[PDB]
Amino acid sequence: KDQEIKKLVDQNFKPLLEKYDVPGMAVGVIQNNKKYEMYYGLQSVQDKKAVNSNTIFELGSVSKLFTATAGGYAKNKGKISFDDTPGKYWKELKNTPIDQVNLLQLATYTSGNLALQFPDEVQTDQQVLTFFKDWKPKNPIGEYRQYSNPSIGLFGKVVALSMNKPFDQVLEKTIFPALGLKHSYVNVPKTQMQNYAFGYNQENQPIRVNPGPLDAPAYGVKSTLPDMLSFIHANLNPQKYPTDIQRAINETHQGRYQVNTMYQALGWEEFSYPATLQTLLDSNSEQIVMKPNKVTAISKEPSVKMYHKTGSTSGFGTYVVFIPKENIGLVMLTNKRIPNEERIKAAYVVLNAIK
Ligand SMILES: *[B@]([O])([C]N1[C]=C([C][N]S(=O)(=O)[C]C(F)(F)F)N=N1)OP([O])([O])=O
């Protein structure tokens, strides 16, 4: 049966390279603590350099999972409460309309007035602080989800202040080591630059992510396929990790609210398992990703859960999914974006075929 994992990944992921002209791709499956890595094509077209276990890809919004885990770690070490407001930590946002929003609401996008992106004009630490002070409510706080890089990005920055280290050191010095990751970075160091893939835009130009305001917590992490499989392993099978980080991971798995069939946990999207294909696809629909939606309390607490998250930068696509009770998960990393629905579908066919 194990000798089917490669075949299935070949059948479902491999065709996407030709269909979308993707130079390179890494697909990982973990099943019953056993890892499978499938590499395709090139990390650099110009250099004729193959994707391999050393290839570093940009995770985009999948970084949000690390931010959430870092939040979970900080809560369980007593450094923050999800009930606190940013103003307790960012002394300067005190008494501003933002400081009626609590840390959970930010992490889970329900401030009621935050968009997918900051305005292009905002770049400096100084413009960031200004944006937040001037911020005013629109929807009743807590009531509406609009997916937002500023929302979780501020949560991210707050988690860092609470640990008295800049966000980058929180991940590189604390979170990544605890998860046993060897090649995951906020800032790819000089000795790894040769392992850093070019991303490729829709014009097949080589590109990498540009510095941006509160980028690290929102979409600024880079990682390898082995590291991401280790991250999924930790999610699937946490009891093995330091108690600190087991607690942090548990915290990211708890659903906070729903939007019909999608449960918002911390970073992760949660669903009842088995989920229909369209349930998974809907989490990534324009309605959900791009538009405000009123939430509801969790009514059905799913017995058996599965979790996913997509990620994108201008030249990179990412998807991660896991099902604890099947003890399986999948990671897809590309150095060109392909439609989210393509990622989700391919993963669905493979994980279903094995389990
Ligand atoms: B996250 O990856 C955050 N995200 C994605 C986008 C789409 N813009 S982009 O072209 O992919 C590049 C950018 F991020 F802007 F740098 N904007 N913010 O979100 P998802 O993958 O949708 O969950």
Side-chain angles (χ1 to χ4, degrees), residues 28 30 59-76 82 103-110 145 147-149 151-153 155-156 159 171 175 179 181 184 217-219 221 223 227-238 241 245-246 248-249 251-253 255-259 261-275 279-285 288-289 293 295 298 300-312 318-333 340 343-344 347-348 351:
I30 185 182
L59 302 184
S61 279
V62 167
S63 312
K64 295 172 164 61
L65 305 178
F66 289 103
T67 301
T69 303
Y73 179 93
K75 171 175 135 175
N76 293 281
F82 289 162
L103 298 197
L104 184 53
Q105 277 159 343
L106 291 175
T108 61
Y109 318 118
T110 70
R145 187 188 180 276
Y147 187 58
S148 159
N149 289 317
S151 193
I152 199 174
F155 171 78
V159 168
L171 295 195
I175 305 300
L179 293 165
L181 311 179
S184 303
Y219 56 79
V221 171
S223 191
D227 273 10
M228 292 307 294
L229 283 173
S230 298
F231 184 52
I232 292 314
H233 178 76
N235 274 271
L236 278 172
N237 228 227
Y241 290 76
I245 202 80
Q246 278 181 250
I249 299 170
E251 199 73 47
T252 74
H253 295 176
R256 305 298 172 164
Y257 63 73
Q258 56 192 129
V259 195
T261 60
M262 166 173 101
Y263 300 74
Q264 184 67 57
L266 215 66
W268 293 105
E269 304 173 5
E270 173 203 330
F271 310 89
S272 157
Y273 178 78
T279 289
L280 297 171
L281 295 176
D282 273 354
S283 62
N284 270 45
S285 73
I288 297 293
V289 178
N293 292 264
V295 313
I298 291 165
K300 289 184 285 182
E301 190 67 79
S303 186
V304 181
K305 283 154 289 217
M306 65 175 289
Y307 298 82
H308 80 194
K309 186 64 195 93
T310 55
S312 284
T318 300
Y319 180 56
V320 301
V321 49
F322 72 97
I323 316 151
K325 260 73 166 287
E326 299 288 343
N327 210 208
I328 58 180
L330 180 149
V331 185
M332 189 208 81
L333 305 172
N340 280 326
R343 309 175 200 189
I344 294 159
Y348 183 85
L351 292 177

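Throughout, residue positions are numbered sequentially from 1 according to the sequence presented.
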Rounded to the nearest 0.5 Å, how far apart are CD1 of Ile175 and CZ of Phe66? 10.0 Å

Counting the benzene-type ring for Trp, do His308 and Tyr348 have ring centres under 6.0 Å apart? no

With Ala107, which residues qualify under side-chain contact (heavy atoms from CB on, under 4.5 Å), at least two apart? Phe155, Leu266

Do you know which two heavy atoms are closest between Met306 and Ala275, and how far apart they sit? SD-CB, 3.9 Å

Can you spot which of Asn237, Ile328, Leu330, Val320 makes a side chain to side chain contact (heavy atoms under 4.5 Å, CB included) with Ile232? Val320

Once you round to the nearest 0.5 Å, how far does CG of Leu65 lie from CG of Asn235? 7.5 Å

If the condition is side-chain contact (heavy atoms from CB on, under 4.5 Å), which residues does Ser230 pass it with, not counting sequence neighbours? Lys35, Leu181

Could I get the full list of side chain to side chain donor-acceptor pair (under 3.5 Å) partners for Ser312, not counting sequence neighbours? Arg343

Which heavy atom of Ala347 sits nearest to which heavy atom of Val321, and what is that distance? CB-CG1, 4.1 Å

State, to 0.1 Å, how close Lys325 and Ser303 come at their nearest heavy-atom pair, and which atoms those are. NZ-O, 3.8 Å

Nearest heavy-atom neighbours spanning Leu171 and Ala70: CD2-CB, 4.0 Å

Pairwise side-chain contact, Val295 with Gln264, heavy-atom cut-off 4.5 Å (strictly under): no

For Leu59, does its backbone N or O pair with a side-chain atom of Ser63 as donor and acceptor, under 3.5 Å? no

Heavy-atom nearest pair, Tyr109 first then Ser151, reads CA-OG, 3.6 Å

When rounded to the nearest 0.5 angstrom, what distance separates CZ in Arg145 from CE in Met262? 3.5 Å

Kindly write out the residues that satisfy side-chain contact (heavy atoms from CB on, under 4.5 Å) with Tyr219, not counting sequence neighbours, or none if the list is empty. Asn149, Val209, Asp215

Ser223: side chain to side chain donor-acceptor pair (under 3.5 Å) partners, not counting sequence neighbours: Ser184

Take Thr69 and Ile245 through the test side chain to side chain contact (heavy atoms under 4.5 Å, CB included) and record every step on the way to the result. CA-CA 8 Å; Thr69 303; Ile245 202 80; 4.2 Å; yes

CG (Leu236) and OH (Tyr307) are apart, to the nearest 0.5 Å, by 11.0 Å

Return the orientation label for the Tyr241 and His233 ring planes: parallel under 30°, perpendicular over 60°, tilted otherwise. tilted

Between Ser61 and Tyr147, do the side chains contain a donor N or O and an acceptor N or O under 3.5 Å apart? yes

CD1 of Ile344 to CG of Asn284, rounded to nearest 0.5 Å, is 4.0 Å

Report the distance from atom CD of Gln105 to atom OG1 of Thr110, rounding to the nearest 0.5 Å. 4.5 Å

Run the side-chain contact (heavy atoms from CB on, under 4.5 Å) test against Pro302 and tell me which residues pass, sequence neighbours left out. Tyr263, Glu270, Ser272, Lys305

Please name all residues satisfying ring-ring contact (aromatic ring centres under 6.0 Å, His included) with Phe82, sequence neighbours left out, ordered by chain then number. none

So, for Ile288 and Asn293, which heavy atoms are closest and what is the spacing to 0.1 Å? CA-ND2, 3.8 Å

